[PDB]
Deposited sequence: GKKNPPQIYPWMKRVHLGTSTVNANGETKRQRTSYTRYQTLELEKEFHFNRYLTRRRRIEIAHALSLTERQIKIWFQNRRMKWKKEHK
């Protein structure tokens, strides 16, 4: 990929890095909480973000991604 005839937009840098892997415990719970209730209430949202030491956005994103993963395993 050393020489692209041009630098098209997609080749540009999007996203105005870090990937905080989640501990086995954290993932085990979120999962645990998922089998229980696929969607989240502002309530459950906070209590969990609390319990597992994570921001609300992370719990929100975690469930959003888990739903798409559920969608694609079909099961």
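K.L.:
Which parts of the deposited sequence lack C-alpha coordinates in this model? Number from residue 1, please.
P.N.:
Missing from the model are residues 1, 18-29.
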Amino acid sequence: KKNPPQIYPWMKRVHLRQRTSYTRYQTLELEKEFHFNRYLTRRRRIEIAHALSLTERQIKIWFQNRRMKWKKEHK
From here on, numbers count along this sequence of modelled residues.
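K.L.:
When the C-alpha temperature factors are averaged for each of 49-57 and 63-71, which stretch ends up with the higher value in the entry?
P.N.:
49-57 has the higher mean C-alpha B-factor.
K.L.:
Higher mean Cα B-factor in the deposited model: 21-29 or 5-13?
P.N.:
Higher of the two, by average CA B-factor, is 5-13.
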